[PDB]
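Chemist:
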Amino acid sequence: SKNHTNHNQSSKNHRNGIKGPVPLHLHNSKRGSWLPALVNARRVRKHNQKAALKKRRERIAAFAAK
Amino acid sequence: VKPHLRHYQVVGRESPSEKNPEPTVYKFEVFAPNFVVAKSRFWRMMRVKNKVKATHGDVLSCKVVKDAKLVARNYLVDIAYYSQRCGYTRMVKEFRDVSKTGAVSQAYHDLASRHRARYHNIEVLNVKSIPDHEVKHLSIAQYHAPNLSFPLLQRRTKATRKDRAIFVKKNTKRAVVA
Amino acid sequence: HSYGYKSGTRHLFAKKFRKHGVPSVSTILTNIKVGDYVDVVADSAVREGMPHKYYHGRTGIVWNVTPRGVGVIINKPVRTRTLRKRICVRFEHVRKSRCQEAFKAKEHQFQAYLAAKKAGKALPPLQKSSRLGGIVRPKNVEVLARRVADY
Amino acid sequence: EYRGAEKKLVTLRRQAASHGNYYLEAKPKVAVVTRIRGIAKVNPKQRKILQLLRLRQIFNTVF
Amino acid sequence: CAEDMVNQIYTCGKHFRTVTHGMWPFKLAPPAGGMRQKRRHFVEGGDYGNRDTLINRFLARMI
RNA sequence: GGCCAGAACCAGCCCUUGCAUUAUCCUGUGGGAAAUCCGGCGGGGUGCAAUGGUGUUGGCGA
RNA sequence: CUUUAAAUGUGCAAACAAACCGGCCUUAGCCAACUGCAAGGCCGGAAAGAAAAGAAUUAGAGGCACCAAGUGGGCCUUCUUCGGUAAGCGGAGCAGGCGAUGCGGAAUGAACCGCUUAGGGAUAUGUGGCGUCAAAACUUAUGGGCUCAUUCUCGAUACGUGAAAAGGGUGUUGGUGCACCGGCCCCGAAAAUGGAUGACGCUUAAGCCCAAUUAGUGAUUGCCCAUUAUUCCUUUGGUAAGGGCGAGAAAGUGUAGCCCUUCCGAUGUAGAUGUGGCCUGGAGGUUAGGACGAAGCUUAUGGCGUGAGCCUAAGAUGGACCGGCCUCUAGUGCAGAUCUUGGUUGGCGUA
Ligand SMILES: [K+]
Ligand SMILES: [Mg+2]
Ligand SMILES: [Mg+2]
Ligand SMILES: [Mg+2]
Ligand SMILES: [Mg+2]
Ligand SMILES: [Mg+2]
Ligand SMILES: [Mg+2]
Ligand SMILES: [Mg+2]
Ligand SMILES: [Mg+2]
Ligand SMILES: [Mg+2]
Ligand code: NA
Ligand code: NA
Ligand code: NA
């Protein structure tokens with residue numbers, strides 16, 4: 004009343020194929036990594052965002068003036 | 002009928018390499034149905050003896066050898082075949098034909114009939130024509146006597162294909178049906 | 003018969019003949035950065051931070067570095083799809099990988115060719131295929147045949 | 064071009080044969096492949112190779 | 190033209206892949222006169238395998 | 001009656017020697033009368049190419 | 001048990017969110033320090049966009065979700081195997097099949113061999129065959145050898161269903177100055193209804209092992225048979241592809257398809273879905289029929305549709321009601337449940 008087999012399983016698995024892995028640049032979360040480096044990275048990202056806002060404002064002013 | 006084998010000559014080599022910049026060239030004689038089988042037998046012999054596989058080799062030429070004029074000669078065929086529980090066996094037989102190819106085809110049919118040996122288990126060592134005074138068997142020696150003659154008995158002579166009949170008259174050549 | 007962590011590893015986790023011993027100093031001095039390609043090969047003589055027996059021959063990429071540990075991402079097929087498993091091991095059980103060596107050599111060679119073309123030097127002549135034909139002059143010729151002594 | 068190539072090969076072979084050397088021919092570059100068996104009881108690997116070669120029916124041919 | 194296609198295929202030109210990928214696979218008829226044995230190699234007296242330049246007579250009864 | 005037959009014509013489709021290699025070859029001039037056979041010298045047969053239409057003549061149908 | 005160690009395997013990489021080459025900005029992150037290393041960005045440059053060396057190929061559109069069915073007794077075979085004396089026995093690994101599937105062959109067989117399936121022609125093949133049954137050598141050859149078998153028994157289509165040691169006849173083979181060692185045949189070889197190379201029969205085979213294709217005459221395929229291949233006609237559906245807007249043309253999912261051309265696929269149990277798909281009783285509308293005959297009933301009554309079905313004809317039937325189309329609605333389709341009720345029936349002019 005208890006039987007085990009692996010007969011049809013490979014065919015079933017390959018019907019809709021073995022899907023490949025997600026590219027490494029996606030779902031690239033950093034949670035659980037080394038905290039001392041994580042904190043410094045966060046500070047640098049904040050500075051970068053401020054810089055991007057300033058750059059856009061400068062672009063807008065230049066286009067308007069000339 | 003004409004013989005069902007041909008006489009081929011295959012010349013081959015191993016592809017030159019750095020360890021082997023000037024390889025040796027070999028010459029091989031084989032009786033085969035066609036040149037693809039000739040090449041296959043060549044590469045089998047090269048692998049079995051010289052440790053050279055077909056995948057690192059070169060075939061320089063394959064050509065079919067012409068035969069001599071039609072003359073009745075005695076041929077010595079040196080042959081060897083394989084069968085289980087007997088090992089390899091080597092035998093020498095004398096035939097009586099008009100060409101080397103004919104003698105070798107006779108030998109193949111004889112081996113197949115008497116020992117159940119097949120083409121891929123037979124190997125031919127030598128074939129040559131010997132003079133009439135070197136024959137050591139009476140069954141072949143009796144055909145070069147100076148006063149040889151015999152009648153034709155038990156002849157089952159049929160008709161031309163266009164004249165065959167199913168029913169004919171009892172003491173007549175008249176066809177009744179067909 | 004039992005689903006233990008280290009079941010059936012008698013030959014897998016075992017030192018080679020006359021090569022027993024703890025890791026060397028070059029292993030200790032090797033440098034691993036995030037984004038490198040590494041091989042995961044267990045060292046039986048460490049026993050701290052070993053990977054599971056599934057990951058003993060796999061190659062992956064580094065996503066995390068700690069004081070004495072590495073984080074590697076490794077693919078694993080489970081039924082109809084492939085997972086991205088993240089394993090934490092000590093630094094003795096990983097080894098830098100030469101799987102991109104040929105690609106990097108190709109890139110360097112192309113850059114060298116570009117530099118030579120810009121400079122104006124003469125490039126080496128291109129290689130010749132071995133599948134062409136020509137006249138063969140043989141030093142030795144033999145006869146290939148089965149002889150009586152062969153059997 | 065075809066006639067010239069054939070003639071050139073003929074002269075080269077004759078030149079080698081007169082001196083007693085051999086001529087090695089250039090290896091074949093093209094093959095023609097045809098399928099002689101039908102579609103039944105084929106392993107997955109060979110099935111994929113035939114699909115990649117574009118021989119999905121019997122007596123299909125490719126270069 | 191069609192002679193361009195024939196030349197590329199025959200000589201394995203620089204556009205061999207383009208010319209052959211732009212074609213449908215060839216669909217031929219069975220060989221008139223029959224085969225020999227589809228279950229043996231050509232060397233053994235059958236049909237499958239590589240038969241060198243003897244494939245031309247095989248195809249001349251199928252095209 | 002395009003109801004049934006015969007012949008004819010268009011289109012399409014099925015069928016129905018050349019050049020390479022020619023030599024372990026060809027041909028004259030000690031052994032077993034001659035031939036088969038073995039050394040000397042001289043002269044030279046198989047891989048590619050060449051159903052659809054457009055009327056016509058009878059039968060049956062008053 | 002062990003260093004040595006395969007064949008078949010198995011992970012990763014092979015230029016467009018990647019990587020390369022020199023400014024600059026930010027962070028303490030590391031270091032005694034930095035312009036060194038780490039990390040995130042901005043700017044500028046190069047780019048056989050991947051050469052040559054056997055240097056890929058594709059009937060090669062990637063990714064992401066939602067809702068739900070059936071199934072959860074399997075079995076056979078090839079190789080690998082553990083238990084068991086063994087087994088048409090129990091347990092596993094890899095793959096292919098049957099289940100869910102016919103068709104052409106093995107005389108017969110779920111699973112072997114070939115081939116895999118819309119409705120039909122022609123041509124050619126696969127497996128298997130060419131003495132009759134039974135299509136094909138009207139018993140082919142201008143091929144070579146071997147074999148005689150007196151009551152289940154000479155042989156003679158694998159899977160698979162007839163046998164061992166030992167011993168002898170006819171054709172041959174090593175050795176040599178008799179021994180052995182193979183081909184065919186005989187002995188070894190004993191059961192219960194009468195019987196099985198499928199049957200008859202066959203021996204100058206219609207048996208066995210090789211080999212041919214009209215025969216030493218000279219290029220190429222002896223011939224017979226598929227739901228397969230090629231080609232032609234018709235249907236149906238597309239992840240469909242183009243064109244147009246004397247009888248004819250509707251800007252169009254689906255029809256009696258708006259019209260024309262073109263290419264590819266078509267089997268299927270449990271199961272899913274679609275259909276200007278068929279049918280039955282009633283309701284809101286619309287259009288019609290009937291005493292010059294409604295519904296119902298009968299059929300060698302034809303016509304139409306792949307089909308469910310629809311329509312006409314005749315009644316030497318009947319005597320008062322009812323059809324089509326668009327919506328709405330339901331007690332809406334029967335061959336079988338030891339189905340329910342009513343009628344009939346063979347056994348039977350019998351016991
Ligand atoms: K079960
Ligand atoms: Mg056949
Ligand atoms: Mg069932
Ligand atoms: Mg089947
Ligand atoms: Mg007949
Ligand atoms: Mg269907
Ligand atoms: Mg169903
Ligand atoms: Mg009701
Ligand atoms: Mg009736
Ligand atoms: Mg009901
Ligand atoms: Na179930
Ligand atoms: Na039979
Ligand atoms: Na009923």
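Chains as they are written, first to last, in the UniProt record's numbering: chain A, 4 to 69; chain B, 2 to 179; chain C, 3 to 153; chain D, 64 to 126; chain E, 190 to 252. For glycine and all other residues, C-beta sits at the position ideal for the given N, C-alpha and C.
Can you find a CB in chain D that lies within less than 7 Å of the CB of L134 of chain C?
Modeler: Chain D contact via Cβ: present.
Chemist: Identify whether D59 of chain B lies in helix, strand or coil by the three-state DSSP scheme.
Modeler: strand
Chemist: Classify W65 of chain C: buried if its beta carbon has 16 or more other beta carbons within 10 angstroms, exposed otherwise.
Modeler: buried
Chemist: Relative to the C-alpha of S130 of chain B, which candidate in B:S140, B:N148, B:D98 and B:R157 has its C-alpha closest?
Modeler: B:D98
Chemist: Counting Cβ pairs, one atom from each stretch, are 3 or more of them under 8 Å apart for the stretch 215 to 232 of chain E and the stretch 31 to 45 of chain B?
Modeler: yes
Chemist: Kindly list, in the order they appear in chain D, the residues whose Cβ is closer than 9 Å to that of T209 of chain E.
Modeler: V125 and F126
Chemist: Closer than 9 Å by beta-carbon distance: list the chain A residues that pair up with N77 of chain C, in chain order.
Modeler: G23 and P24
Chemist: Relative to the C-alpha of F168 of chain B, which candidate in B:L153, B:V177, B:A160 and B:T161 has its C-alpha closest?
Modeler: B:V177
Chemist: Check each residue of the stretch 211 to 224 of chain E: if its Cβ is closer than 8 Å to any Cβ of chain D, include it; give the result in chain order.
Modeler: Per Cβ criterion, the list reads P214, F215, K216, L217, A218, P219 and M224.
Chemist: With DSSP as the reference, please indicate the residues paired to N77 of chain C in a beta bridge.
Modeler: C:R86
Chemist: How many angstroms separate the CA atom of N148 of chain B from the CA atom of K137 of chain B?
Modeler: 20 Å
Chemist: Would you please verify whether the beta carbon of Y83 of chain B is less than 7 Å from any beta carbon of chain C?
Modeler: no
Chemist: Under 7 Å between beta-carbons, which chain E residues line up against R100 of chain D? List them in chain order, please.
Modeler: Correct list: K227.
Chemist: Residue ranges of each beta strand (DSSP E) run of no fewer than 3 residues wholly in the UniProt domain "Large ribosomal subunit protein eL20" (7 to 129) of chain B, ordered along the chain?
Modeler: 7 to 15, 26 to 33, 58 to 65, 74 to 84 and 88 to 98
Chemist: Smallest Cα separation from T242 of chain E: which of B:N35, B:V128 and B:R7?
Modeler: B:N35
Chemist: Should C190 of chain E and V93 of chain D be called a contact, given that it needs their Cβ atoms to be closer than 7 Å?
Modeler: no
Chemist: Could you say if the stretch 66 to 82 of chain C and the stretch 117 to 133 of chain C meet the contact criterion of at least three C-beta pairs nearer than 8 Å?
Modeler: These segments do not touch.
Chemist: Using a Cβ distance threshold of 8 Å, determine whether the stretch 160 to 167 of chain B contacts the stretch 108 to 119 of chain B, with at least three qualifying pairs required.
Modeler: no
Chemist: Find the nearest neighbour of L146 of chain C within the set B:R14, B:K3 and B:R119, judged by alpha-carbon distance.
Modeler: Of the candidates B:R14, B:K3 and B:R119, the one whose C-alpha sits nearest the C-alpha of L146 of chain C is B:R14.
Chemist: Start and end of the alpha helix (DSSP H) containing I244 of chain E?
Modeler: Note, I244 of chain E: alpha helix (DSSP H), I244 to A249.
Chemist: Drop a sphere of 10 angstroms on the beta-carbon of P91 of chain D, count the other beta-carbons inside from all chains shown, and report buried for 16 or more, exposed for fewer.
Modeler: Burial is judged here by how many other beta carbons sit within 10 angstroms of a residue's own beta carbon; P91 of chain D has fewer than 16 and is exposed.
Chemist: Considering only the alpha carbon of each residue, which of C:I30, C:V36 and C:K55 lies closest to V42 of chain C?
Modeler: Residue C:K55 is the option with its Cα nearest to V42 of chain C.
Chemist: What does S41 of chain B touch in chain E if you count any residue whose Cβ is under 7 Å from its own?
Modeler: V232
Chemist: How should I102 of chain D be labelled, buried or exposed, when 16 other C-beta atoms within 10 angstroms of its C-beta is the threshold for buried?
Modeler: exposed
Chemist: Note down the Cα distance separating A218 of chain E from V96 of chain D, rounded to an integer number of angstroms.
Modeler: 15 Å
Chemist: Is DSSP giving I141 of chain B helix, strand or coil here?
Modeler: helix
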